[PDB]
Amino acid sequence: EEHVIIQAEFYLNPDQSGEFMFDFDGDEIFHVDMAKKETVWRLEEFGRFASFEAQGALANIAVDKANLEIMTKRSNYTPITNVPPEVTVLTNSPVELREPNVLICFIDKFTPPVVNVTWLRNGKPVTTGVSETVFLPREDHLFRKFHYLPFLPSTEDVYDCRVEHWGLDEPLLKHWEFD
């Protein structure tokens, strides 16, 4: 096999959270912001080569919502079994003091797709420049997600990615500090 493009959608209750996205070889091509009802391209430069009309996704999510209701009942109401995430914190490249870098918090192998992630700088939460991806599908039907923190390497501070998921007894803080 050479490539695989994957159109993945989900609808979750009682959250009533839905998702529509495309995936090329593990990477998100784009996803539809359900609230703003708009197509968001993973790399800006992707939208200069293709077009996607967001209203379609919105329709798809509706059938999904519907089908979920049918299935939940069909299953004698069997709820989803939480599977807590594996968390890893790394950087974009080899850290060099006073060399802008990026801390990546990789959350993997979890379900359902609901997680709360905080970046803490010397224990205090950081929001400057942060970003994250939507829930990326996995062949086992669990999800993946990435959070990013642009930062300036230093020996003066420690870092933690704080992850909260229903399958975790307590919030998981993964640490990173410059050696």
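Heads up: residue numbers just count along the shown sequence, starting at 1.
Can you tell me which stretch has the higher mean Cα B-factor, 52-60 or 22-30?
If you average the C-alpha B-factors of 22-30 and of 52-60, the larger mean comes out for 52-60.
Per the entry, higher mean C-alpha B factor between 95-103 and 82-90:
Mean C-alpha B-factor is greater for 95-103.
Can you pull the Cα B-factors for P113, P153, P125, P150 from the entry and say which is highest?
Most elevated C-alpha B-factor of the set, per the entry: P125.
What third of its chain's C-alpha B-factors does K36 belong to: lowest, middle or highest?
Tercile = highest for this residue's CA B-factor.
Within-chain third of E170 by Cα B-factor, per the entry
Answer is highest: the recorded C-alpha B-factor places it there.
Grab the CA temperature factor for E132 from the record and place it in the lowest, middle or highest third of its chain.
Middle third by C-alpha B-factor.
In terms of the chain's CA B-factor thirds, is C161 lowest, middle or highest?
Its C-alpha B-factor, which the entry lists for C161, ranks in the middle third among residues of this chain.
Third of chain Cα B-factors occupied by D140:
Ranked within chain, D140 CA B lands in the lowest tercile.
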